file entry_12.csv (CSV, N, CA and C atoms)
chain,number,residue,atom,x,y,z
A,1,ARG,N,-5.6,-7.2,-1.2
A,1,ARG,CA,-6.2,-5.8,-0.9
A,1,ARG,C,-7.7,-5.9,-0.5
A,2,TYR,N,-8.1,-6.9,0.2
A,2,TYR,CA,-9.5,-7.0,0.6
A,2,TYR,C,-9.7,-6.7,2.1
A,3,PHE,N,-10.8,-6.0,2.4
A,3,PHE,CA,-11.1,-5.7,3.8
A,3,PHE,C,-12.6,-6.0,4.0
A,4,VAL,N,-13.0,-6.5,5.2
A,4,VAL,CA,-14.3,-6.8,5.5
A,4,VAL,C,-14.9,-5.8,6.5
A,5,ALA,N,-16.1,-5.3,6.2
A,5,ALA,CA,-16.8,-4.3,7.0
A,5,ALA,C,-17.3,-5.0,8.3
A,6,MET,N,-16.9,-4.5,9.5
A,6,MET,CA,-17.3,-5.0,10.7
A,6,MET,C,-18.6,-4.4,11.2
A,7,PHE,N,-19.0,-3.2,10.7
A,7,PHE,CA,-20.2,-2.5,11.0
A,7,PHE,C,-20.9,-2.0,9.7
A,8,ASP,N,-22.1,-1.6,9.9
A,8,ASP,CA,-22.8,-0.9,8.8
A,8,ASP,C,-22.3,0.6,8.8
A,9,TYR,N,-22.2,1.2,7.7
A,9,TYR,CA,-21.8,2.6,7.6
A,9,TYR,C,-22.6,3.3,6.5
A,10,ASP,N,-23.4,4.2,6.9
A,10,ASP,CA,-24.2,5.1,6.0
A,10,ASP,C,-23.7,6.5,6.2
A,11,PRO,N,-22.8,6.9,5.3
A,11,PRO,CA,-22.2,8.3,5.4
A,11,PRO,C,-23.2,9.4,5.5
A,12,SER,N,-24.3,9.3,4.8
A,12,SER,CA,-25.4,10.4,4.8
A,12,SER,C,-25.9,10.7,6.2
A,13,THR,N,-26.1,9.7,7.0
A,13,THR,CA,-26.5,9.9,8.4
A,13,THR,C,-25.4,9.7,9.5
A,14,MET,N,-24.3,9.1,9.1
A,14,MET,CA,-23.3,8.7,10.1
A,14,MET,C,-21.9,9.5,10.0
A,15,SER,N,-21.6,10.0,8.8
A,15,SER,CA,-20.4,10.7,8.6
A,15,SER,C,-20.3,12.0,9.4
A,16,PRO,N,-19.1,12.3,10.0
A,16,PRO,CA,-18.9,13.5,10.7
A,16,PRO,C,-18.4,14.6,9.8
A,17,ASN,N,-18.2,14.3,8.5
A,17,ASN,CA,-17.6,15.2,7.5
A,17,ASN,C,-18.8,15.7,6.6
A,18,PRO,N,-18.7,17.0,6.2
A,18,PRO,CA,-19.7,17.7,5.5
A,18,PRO,C,-19.9,17.1,4.0
A,19,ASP,N,-18.8,16.6,3.5
A,19,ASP,CA,-18.7,16.0,2.1
A,19,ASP,C,-18.8,14.5,2.2
A,20,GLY,N,-19.2,13.9,3.3
A,20,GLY,CA,-19.2,12.5,3.6
A,20,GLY,C,-19.9,11.6,2.6
A,21,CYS,N,-21.2,12.0,2.4
A,21,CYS,CA,-22.0,11.3,1.4
A,21,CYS,C,-21.4,11.2,0.0
A,22,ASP,N,-20.9,12.3,-0.5
A,22,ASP,CA,-20.3,12.3,-1.8
A,22,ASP,C,-18.9,11.6,-2.0
A,23,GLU,N,-18.2,11.6,-0.9
A,23,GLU,CA,-16.8,11.1,-0.9
A,23,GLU,C,-16.5,9.8,-0.3
A,24,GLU,N,-17.4,9.3,0.6
A,24,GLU,CA,-17.1,8.1,1.4
A,24,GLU,C,-18.1,7.0,1.0
A,25,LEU,N,-17.6,5.8,1.0
A,25,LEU,CA,-18.3,4.6,0.6
A,25,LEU,C,-19.3,4.2,1.6
A,26,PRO,N,-20.6,3.9,1.2
A,26,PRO,CA,-21.5,3.3,2.1
A,26,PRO,C,-21.3,1.8,2.0
A,27,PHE,N,-21.4,1.1,3.1
A,27,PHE,CA,-21.4,-0.4,3.2
A,27,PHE,C,-22.2,-0.9,4.4
A,28,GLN,N,-22.5,-2.2,4.3
A,28,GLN,CA,-23.1,-2.9,5.4
A,28,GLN,C,-22.1,-3.9,6.0
A,29,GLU,N,-22.4,-4.3,7.2
A,29,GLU,CA,-21.5,-5.4,7.8
A,29,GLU,C,-21.4,-6.6,6.9
A,30,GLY,N,-20.2,-7.1,6.8
A,30,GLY,CA,-19.9,-8.3,6.0
A,30,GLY,C,-19.6,-8.0,4.5
A,31,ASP,N,-19.8,-6.8,4.1
A,31,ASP,CA,-19.4,-6.4,2.7
A,31,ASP,C,-17.9,-6.5,2.6
A,32,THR,N,-17.4,-6.9,1.5
A,32,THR,CA,-16.0,-7.1,1.2
A,32,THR,C,-15.6,-5.9,0.3
A,33,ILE,N,-14.5,-5.2,0.7
A,33,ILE,CA,-14.1,-3.9,0.0
A,33,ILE,C,-12.7,-4.1,-0.6
A,34,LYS,N,-12.6,-3.6,-1.8
A,34,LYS,CA,-11.3,-3.6,-2.5
A,34,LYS,C,-10.5,-2.4,-2.2
A,35,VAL,N,-9.4,-2.5,-1.5
A,35,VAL,CA,-8.6,-1.4,-1.1
A,35,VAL,C,-7.3,-1.3,-2.0
A,36,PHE,N,-7.0,0.0,-2.4
A,36,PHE,CA,-5.8,0.3,-3.2
A,36,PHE,C,-4.8,1.1,-2.4
A,37,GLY,N,-3.6,0.7,-2.4
A,37,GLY,CA,-2.6,1.5,-1.6
A,37,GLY,C,-2.8,1.3,-0.1
A,38,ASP,N,-2.3,2.3,0.7
A,38,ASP,CA,-2.4,2.3,2.1
A,38,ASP,C,-3.2,3.3,2.7
A,39,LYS,N,-3.5,3.2,4.0
A,39,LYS,CA,-4.4,4.2,4.7
A,39,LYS,C,-3.7,5.5,4.8
A,40,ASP,N,-4.4,6.6,4.6
A,40,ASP,CA,-3.8,8.0,4.6
A,40,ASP,C,-3.7,8.5,6.1
A,41,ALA,N,-3.1,9.7,6.2
A,41,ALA,CA,-2.9,10.3,7.5
A,41,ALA,C,-4.2,10.5,8.3
A,42,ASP,N,-5.3,10.7,7.6
A,42,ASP,CA,-6.6,10.8,8.3
A,42,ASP,C,-7.2,9.5,8.8
A,43,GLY,N,-6.6,8.4,8.4
A,43,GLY,CA,-7.1,7.1,8.8
A,43,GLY,C,-8.0,6.4,7.8
A,44,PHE,N,-8.1,6.9,6.6
A,44,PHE,CA,-9.0,6.4,5.6
A,44,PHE,C,-8.3,5.6,4.4
A,45,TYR,N,-8.9,4.5,4.1
A,45,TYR,CA,-8.4,3.7,2.9
A,45,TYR,C,-9.2,4.3,1.7
A,46,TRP,N,-8.5,4.2,0.5
A,46,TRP,CA,-9.2,4.4,-0.8
A,46,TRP,C,-9.7,3.1,-1.3
A,47,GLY,N,-11.0,2.9,-1.4
A,47,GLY,CA,-11.6,1.6,-1.7
A,47,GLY,C,-12.6,1.5,-2.8
A,48,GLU,N,-13.0,0.3,-3.2
A,48,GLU,CA,-14.0,0.1,-4.2
A,48,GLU,C,-15.1,-0.9,-3.8
A,49,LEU,N,-16.4,-0.6,-4.0
A,49,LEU,CA,-17.5,-1.5,-3.7
A,49,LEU,C,-18.6,-1.2,-4.6
A,50,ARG,N,-19.1,-2.3,-5.2
A,50,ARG,CA,-20.3,-2.2,-6.1
A,50,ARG,C,-20.2,-1.1,-7.2
A,51,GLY,N,-19.1,-1.1,-7.9
A,51,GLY,CA,-18.9,-0.2,-9.0
A,51,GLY,C,-18.6,1.3,-8.7
A,52,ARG,N,-18.2,1.5,-7.4
A,52,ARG,CA,-18.0,2.8,-6.9
A,52,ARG,C,-16.8,2.9,-6.0
A,53,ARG,N,-16.0,4.0,-6.1
A,53,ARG,CA,-14.9,4.2,-5.3
A,53,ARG,C,-15.1,5.4,-4.3
A,54,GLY,N,-14.4,5.3,-3.2
A,54,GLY,CA,-14.5,6.3,-2.2
A,54,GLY,C,-13.7,6.0,-0.9
A,55,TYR,N,-13.7,7.0,0.0
A,55,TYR,CA,-12.9,6.8,1.2
A,55,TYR,C,-13.6,5.8,2.2
A,56,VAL,N,-12.8,5.1,2.9
A,56,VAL,CA,-13.3,4.0,3.8
A,56,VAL,C,-12.5,4.2,5.1
A,57,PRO,N,-13.3,4.4,6.2
A,57,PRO,CA,-12.6,4.5,7.5
A,57,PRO,C,-12.0,3.2,8.0
A,58,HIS,N,-10.8,3.2,8.5
A,58,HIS,CA,-10.1,2.0,8.9
A,58,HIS,C,-10.7,1.4,10.1
A,59,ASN,N,-11.2,2.2,11.0
A,59,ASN,CA,-11.8,1.7,12.2
A,59,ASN,C,-13.2,0.9,12.0
A,60,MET,N,-13.7,0.9,10.8
A,60,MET,CA,-15.0,0.2,10.5
A,60,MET,C,-14.7,-1.1,9.8
A,61,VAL,N,-13.5,-1.4,9.4
A,61,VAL,CA,-13.1,-2.5,8.5
A,61,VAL,C,-11.9,-3.3,9.1
A,62,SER,N,-11.8,-4.5,8.6
A,62,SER,CA,-10.8,-5.4,9.1
A,62,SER,C,-10.1,-6.1,7.8
A,63,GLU,N,-8.8,-6.1,7.8
A,63,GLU,CA,-8.0,-6.6,6.7
A,63,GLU,C,-8.2,-8.2,6.7
A,64,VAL,N,-8.1,-8.8,5.5
A,64,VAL,CA,-8.3,-10.2,5.4
A,64,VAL,C,-6.9,-10.8,5.4
A,65,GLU,N,-6.8,-11.8,6.3
A,65,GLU,CA,-5.6,-12.1,7.0
A,65,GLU,C,-5.3,-13.6,7.1
B,1,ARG,N,-9.7,15.3,7.6
B,1,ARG,CA,-11.0,14.6,7.5
B,1,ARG,C,-11.2,13.5,8.6
B,2,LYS,N,-12.4,13.5,9.2
B,2,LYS,CA,-12.6,12.9,10.5
B,2,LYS,C,-13.2,11.5,10.4
B,3,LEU,N,-12.7,10.6,11.3
B,3,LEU,CA,-13.2,9.3,11.4
B,3,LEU,C,-14.6,9.2,12.0
B,4,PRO,N,-15.4,8.3,11.6
B,4,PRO,CA,-16.8,8.2,12.2
B,4,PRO,C,-16.7,7.4,13.5
B,5,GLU,N,-17.7,7.6,14.3
B,5,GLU,CA,-17.9,6.8,15.6
B,5,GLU,C,-18.5,5.4,15.3
B,6,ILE,N,-17.9,4.4,15.9
B,6,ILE,CA,-18.5,3.1,15.8
B,6,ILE,C,-19.7,3.1,16.7
B,7,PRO,N,-20.9,2.7,16.1
B,7,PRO,CA,-22.1,2.8,16.9
B,7,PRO,C,-22.0,1.9,18.1
B,8,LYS,N,-22.3,2.5,19.3
B,8,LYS,CA,-22.2,1.8,20.6
B,8,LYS,C,-23.1,0.7,20.8
B,9,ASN,N,-24.3,0.8,20.3
B,9,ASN,CA,-25.3,-0.3,20.3
B,9,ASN,C,-25.0,-1.5,19.4
B,10,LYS,N,-24.0,-1.3,18.5
B,10,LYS,CA,-23.6,-2.4,17.6
B,10,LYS,C,-22.3,-3.0,18.0
B,11,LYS,N,-21.5,-2.3,18.9
B,11,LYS,CA,-20.2,-2.7,19.3
B,11,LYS,C,-20.2,-3.6,20.5
call {"tool": "encode", "arguments": {"input": "entry_12.csv", "output": "structure tokens"}}
result
Amino acid sequence: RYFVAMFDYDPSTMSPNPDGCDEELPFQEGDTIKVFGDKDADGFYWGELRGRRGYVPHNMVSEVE
Amino acid sequence: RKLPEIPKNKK
């Protein structure tokens, strides 16, 4: 259930969603994220990084393979 | 809920 961030993602400045900061995980390139279950209809994984859980966009991350 | 843009200067 591990994914690697291919880009930096700062939801506060980069999210297109109004609740992005509060609901989406911030990460930098090369961070490894713990994903639970599968990606939702919106294209977001539910993930964990540094003691925090939140939505993770699939297009910013790559599954470990 | 909407997906973010991949920054073009990083891609």
call {"tool": "residues_around", "arguments": {"input": "entry_12.csv", "residues": "residue A:27", "least_positions_apart": "6", "cutoff": "7 Å", "atoms": "only C-alpha atoms", "output": "list in words"}}
result
residues 8, 9 and 10 of chain A
call {"tool": "closest_atom_pairs", "arguments": {"input": "entry_12.csv", "of": "chain A", "to": "chain B", "cutoff": "9 Å", "atoms": "only C-alpha atoms", "output": "CSV"}}
result
residue,atom,partner,partner_atom,distance
A:7,CA,B:10,CA,7.4
A:8,CA,B:7,CA,8.9
A:9,CA,B:4,CA,8.8
A:11,CA,B:4,CA,8.7
A:14,CA,B:4,CA,6.8
A:15,CA,B:4,CA,5.7
A:16,CA,B:4,CA,5.9
A:17,CA,B:2,CA,6.3
A:42,CA,B:1,CA,5.9
A:43,CA,B:3,CA,7.0
A:44,CA,B:3,CA,7.7
A:57,CA,B:3,CA,6.2
A:58,CA,B:3,CA,8.3
A:59,CA,B:6,CA,7.7
A:60,CA,B:6,CA,7.0
call {"tool": "atom_distance", "arguments": {"input": "entry_12.csv", "atom1": "atom CA of residue A:12", "atom2": "atom C of residue A:63"}}
result
25.4 Å
call {"tool": "atom_distance", "arguments": {"input": "entry_12.csv", "atom1": "atom CA of residue A:1", "atom2": "atom CA of residue A:54"}}
result
14.7 Å
call {"tool": "atom_distance", "arguments": {"input": "entry_12.csv", "atom1": "atom CA of residue A:62", "atom2": "atom CA of residue A:24"}}
result
16.8 Å
call {"tool": "residues_around", "arguments": {"input": "entry_12.csv", "residues": "residue A:47", "least_positions_apart": "4", "cutoff": "6.5 Å", "atoms": "only N, CA and C atoms", "output": "tab-separated table (two decimals) with N, CA and C atoms, in the frame of the given file"}}
result
chain	number	residue	atom	x	y	z
A	33	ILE	N	-14.50	-5.20	0.70
A	33	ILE	CA	-14.10	-3.90	0.00
A	33	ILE	C	-12.70	-4.10	-0.60
A	34	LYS	N	-12.60	-3.60	-1.80
A	34	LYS	CA	-11.30	-3.60	-2.50
A	34	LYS	C	-10.50	-2.40	-2.20
A	35	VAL	N	-9.40	-2.50	-1.50
A	35	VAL	CA	-8.60	-1.40	-1.10
A	35	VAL	C	-7.30	-1.30	-2.00
A	36	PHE	N	-7.00	0.00	-2.40
A	36	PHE	CA	-5.80	0.30	-3.20
A	36	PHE	C	-4.80	1.10	-2.40
A	52	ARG	N	-18.20	1.50	-7.40
A	52	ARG	CA	-18.00	2.80	-6.90
A	52	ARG	C	-16.80	2.90	-6.00
A	53	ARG	N	-16.00	4.00	-6.10
A	53	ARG	CA	-14.90	4.20	-5.30
A	53	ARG	C	-15.10	5.40	-4.30
A	54	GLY	N	-14.40	5.30	-3.20
A	54	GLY	CA	-14.50	6.30	-2.20
A	54	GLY	C	-13.70	6.00	-0.90
A	55	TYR	N	-13.70	7.00	0.00
A	55	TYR	CA	-12.90	6.80	1.20
A	55	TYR	C	-13.60	5.80	2.20
A	56	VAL	N	-12.80	5.10	2.90
A	56	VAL	CA	-13.30	4.00	3.80
A	56	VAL	C	-12.50	4.20	5.10
call {"tool": "select_by_dssp", "arguments": {"input": "entry_12.csv", "residues": "chain A", "states": "strand (DSSP E)", "output": "list in words"}}
result
residues 2, 3, 4, 5, 32, 33, 34, 35, 36, 44, 45, 46, 47, 48, 49, 52, 53, 54, 55, 56, 57, 61, 62 and 63 of chain A
call {"tool": "residues_near_point", "arguments": {"input": "entry_12.csv", "point": "(-17.5, -7.5, 3.1)", "cutoff": "6 Å", "atoms": "all atoms listed in the file", "output": "ChimeraX atom specification"}}
result
/A:3-5,29-33
call {"tool": "decode", "arguments": {"input": "entry_12.csv", "residues": "stretch 16-33 of chain A", "atoms": "N, CA and C atoms", "output": "short mmCIF file (atom, residue, chain, number, x, y, z; two decimals), in the first residue's frame"}}
result
data_model
loop_
_atom_site.label_atom_id
_atom_site.label_comp_id
_atom_site.auth_asym_id
_atom_site.auth_seq_id
_atom_site.Cartn_x
_atom_site.Cartn_y
_atom_site.Cartn_z
N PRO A 16 -7.22 22.98 -5.95
CA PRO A 16 -8.35 23.63 -6.60
C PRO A 16 -9.64 23.54 -5.78
N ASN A 17 -9.57 22.87 -4.64
CA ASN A 17 -10.72 22.64 -3.78
C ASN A 17 -10.70 23.60 -2.60
N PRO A 18 -11.87 24.15 -2.21
CA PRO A 18 -11.96 25.14 -1.13
C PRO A 18 -11.60 24.57 0.26
N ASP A 19 -11.80 23.27 0.44
CA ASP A 19 -11.45 22.59 1.69
C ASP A 19 -10.12 21.82 1.57
N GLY A 20 -9.32 22.17 0.56
CA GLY A 20 -8.11 21.42 0.23
C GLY A 20 -7.09 21.34 1.35
N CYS A 21 -6.81 22.48 1.97
CA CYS A 21 -5.86 22.53 3.08
C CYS A 21 -6.24 21.57 4.21
N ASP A 22 -7.50 21.62 4.63
CA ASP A 22 -7.98 20.81 5.76
C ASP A 22 -8.12 19.32 5.45
N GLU A 23 -8.34 18.96 4.19
CA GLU A 23 -8.68 17.57 3.85
C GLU A 23 -7.61 16.81 3.06
N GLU A 24 -6.71 17.53 2.40
CA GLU A 24 -5.73 16.90 1.52
C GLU A 24 -4.35 16.93 2.15
N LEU A 25 -3.60 15.86 1.96
CA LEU A 25 -2.25 15.74 2.50
C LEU A 25 -1.23 16.59 1.75
N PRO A 26 -0.42 17.36 2.50
CA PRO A 26 0.74 17.99 1.90
C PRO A 26 1.90 17.00 1.83
N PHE A 27 2.66 17.04 0.74
CA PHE A 27 3.85 16.22 0.61
C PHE A 27 4.85 16.88 -0.34
N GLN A 28 6.11 16.45 -0.25
CA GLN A 28 7.14 16.88 -1.20
C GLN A 28 7.57 15.66 -2.01
N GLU A 29 8.17 15.93 -3.17
CA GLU A 29 8.65 14.88 -4.06
C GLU A 29 9.53 13.88 -3.30
N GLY A 30 9.32 12.59 -3.56
CA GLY A 30 10.09 11.54 -2.91
C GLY A 30 9.53 11.06 -1.59
N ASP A 31 8.53 11.75 -1.04
CA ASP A 31 7.83 11.26 0.15
C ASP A 31 7.13 9.95 -0.17
N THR A 32 7.12 9.04 0.80
CA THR A 32 6.43 7.76 0.66
C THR A 32 5.16 7.80 1.48
N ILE A 33 4.03 7.50 0.83
CA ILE A 33 2.72 7.66 1.44
C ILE A 33 2.03 6.30 1.60
#
